[PDB]
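Quick setup: the structure tokens below cover two forms of a single protein chain, split into structure 1 and structure 2.
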Structure 1
């Protein structure tokens, strides 16, 4: 699971929000620094946290990758993004993780929930997981 020092929303932001990410092999270091092993896949949405919070206010829909859940929200517009795929999944630690870059422009679907006590009071409802992009 996530690093306990972060709320779900804070960990969401670290993984999935980056306006101008460098190459994936570089960009992923910031995430994998907090892990014991390299993440196999990751999408960076080139947007802002505030913007994703606004999408949380869209109509509630079924989560495509969690079909028993209906607290998901789809962006009204396609957003630029950078998807990263781990090239060497046999990596035993995070010192050497190499990623392939996949830029794109897609709608995103996020699950949102009530904030954690450690989350900022500015946003009572926050994104907690990136479900998929379309």
Structure 2
């Protein structure tokens, strides 16, 4: 559940955008803070927010993981990325969660939508969800 004080675009950037991510165990702290249980797996795209907004501007495709949505956008470039895999699943206290870091490199598919009133007016269409990476 997205914390109320963050728009869909900001929550998206907090969870998935980071050029130079710290260790997963550290990076994930701020995200799990708003969760009941630790996130099983999370992917950071090593790019900039500005660059994802561009993806938003191109050809539209049905969302792979939810074909009813026709506002998905695949990147044309494969982007380096960092996967954070939860080590202690359904086990270790959801307070001291540890993660394994895993490099990767692929195309990403994001779902884009109109900005929220509180978002920077600089971008009318913002990325709101990471659908998948291929």
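Residue numbers count along the first chain shown, from 1. Only the largest set of C-alpha atoms that superpose within 1.5 Å between the two forms is called the rigid core.
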query	finding
Sole member of 83, 37, 74, 46 with a C-alpha shift of at least 2 Å between structure 1 and structure 2 (core-superposed)	37
Rigid core superposed: residue 61 CA moves 2 Å or more between structure 1 and structure 2	no
Flag for residue 96, CA shift 2 Å or larger between structure 1 and structure 2 after aligning core	no
Shift in Å of the residue 15 Cα between structure 1 and structure 2 [rigid core superposition]	0.5
Rigid core superposed, the C-alpha shift at residue 27 between structure 1 and structure 2 in Å	1.4
